[PDB]
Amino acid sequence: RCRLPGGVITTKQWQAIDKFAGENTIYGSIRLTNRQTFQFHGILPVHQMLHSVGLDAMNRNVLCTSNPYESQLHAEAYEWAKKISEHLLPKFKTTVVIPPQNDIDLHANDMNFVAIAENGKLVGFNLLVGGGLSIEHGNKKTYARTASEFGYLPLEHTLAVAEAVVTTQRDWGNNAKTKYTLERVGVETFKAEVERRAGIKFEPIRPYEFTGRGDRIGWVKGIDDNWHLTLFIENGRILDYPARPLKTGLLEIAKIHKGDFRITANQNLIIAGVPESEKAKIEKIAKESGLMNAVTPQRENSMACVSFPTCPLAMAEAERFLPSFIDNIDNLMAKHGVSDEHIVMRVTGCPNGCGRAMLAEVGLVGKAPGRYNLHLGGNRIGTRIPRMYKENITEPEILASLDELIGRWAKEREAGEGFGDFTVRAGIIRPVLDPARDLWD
């Protein structure tokens, strides 16, 4: 795995990793991860390779919103993600987030800097701390937890705050994850120590709201005459398939593209900063390579972790299960006349929770081969943990349940109402209000 703050990778870097994947690995693939970086699988030299193109391999990749609606905020947000990443160089997870997009899934992370603007210019961050999704099956002492608001800081305090949070967690950690430390000592206690160490006092939270977590598939207009093309890549798995030479297509795009690529937190890839006059050339390659094959809104909003064959911790298939599972889900959405809708639906291969099922509207958490715990009642924006609905069930049982529930949603939903919110309103599942205490029935 590569260090790659904000998912930004140059085309020269892309060509190098393309070569290495094809020649020096068992699997031959580039796998985009949901933390805005890439992995090789079955390495057969490697760090030498990364170093040769300026890449290096406690803290994890720092995420940054990939394709903000206010395009002019990206540059400075990314600069700060990079600065934080470099500052924390010698598990802890950090993001920089640009409202109203929560593509980076802030509630899965120990530390989150929510960008605040004054005049289309970044002025500071709200700090949210203590998210983390891992659980141990049946262990009510473990839980997924969302992140808690600490307050606002001007830009000048960013690095000192980042360091204060990371060291406070390292030091106070047992169950050692920030979420557990926060619950044990109290949010106010942790916050006061961060203030002490960073030499600051947090200001009141400044207003922010999120509206979604998805990528912006297709072309969007960026700043100036630039355009960004987001390509949906199923499971982020880049390999040439029959009729769909994804890996070759991306290499060809890398050869002619004038800007960089951006790996998204949804395991997709953005061809970023394309001049308008170059759109047709780029699109032609993408289309002909299968990179722009249309999928349903549902598939665009579904995700799985790697799981088998490479993950030594896997309990059930995730990545390999997802394409056919979503074929079946697409069939259910079509059955019920909601093919244009989506349900944030995620499959994680074990309870460690990499697939971020514990922030989904519908989450499947692997328990054993072919068996998953089915969780319901997250929301579209990812601010609520979904309670377990059915335990240790197979795909046919999951589909039978979802057929019934999606059917009810289609008939009974209010205008614009998400499936997760609906399951809560309709009393199908009880919401989780305070995970450390009420996640587990």
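Note that residue numbering begins at 1 and tracks the sequence as displayed. If you superpose the two forms and keep the largest set of C-alpha atoms that fall within 1.5 Å, you have the rigid core.
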Q: May I ask which stretch, 190-198 or 267-275, sits farther from the shown form in 6 other deposited structures of this protein once every structure is superposed on the core, judging by RMS CA distance?
A: 190-198
(Q) Fitting on the rigid core only, I'd like to know which of the two stretches, 226-234 or 115-123, ends up farther away in Cα terms in 6 other deposited structures of this protein. (A) 115-123
**Q.** Extent of unmodelled deposited sequence, residue 58 relative to residue 57
**A.** 4 to 9
Q. According to the entry, are there none, 1 to 3, 4 to 9, or 10 or more residues of the deposited sequence without coordinates between residue 174 and residue 175?
A. 4 to 9
Q. Taking only the CA atoms, which stretch has the higher mean B-factor in the record, 277-285 or 354-362?
A. 277-285
Q) Which has the higher mean CA temperature factor in the PDB entry, 332-340 or 146-154? A) 332-340
Q) Of 87, 371, 137, 247, which one's C-alpha B factor is largest in the deposited record? A) 87
Q | Given 189, 302, 102, 267, the residue at which the Cα B factor reaches its maximum | A | 189
(Q) Considering every modelled residue of the chain and its Cα B-factor in the PDB entry, is residue 218 in the lowest, middle or highest third? (A) lowest
(Q) Per the entry's values, where does residue 436 land by CA temperature factor relative to the rest of its chain, in the lowest, middle or highest third? (A) highest
Q. When the modelled residues of the chain are sorted by Cα temperature factor, does residue 141 land in the lowest, middle or highest third?
A. highest
(Q) For the chain shown, is the CA B-factor of residue 48 in the lowest, middle or highest third of its modelled residues? (A) highest
Q: Looking at the entry's B-factor column for C-alpha atoms only, identify whether residue 2 ranks in the lowest, middle or highest third of its chain.
A: highest
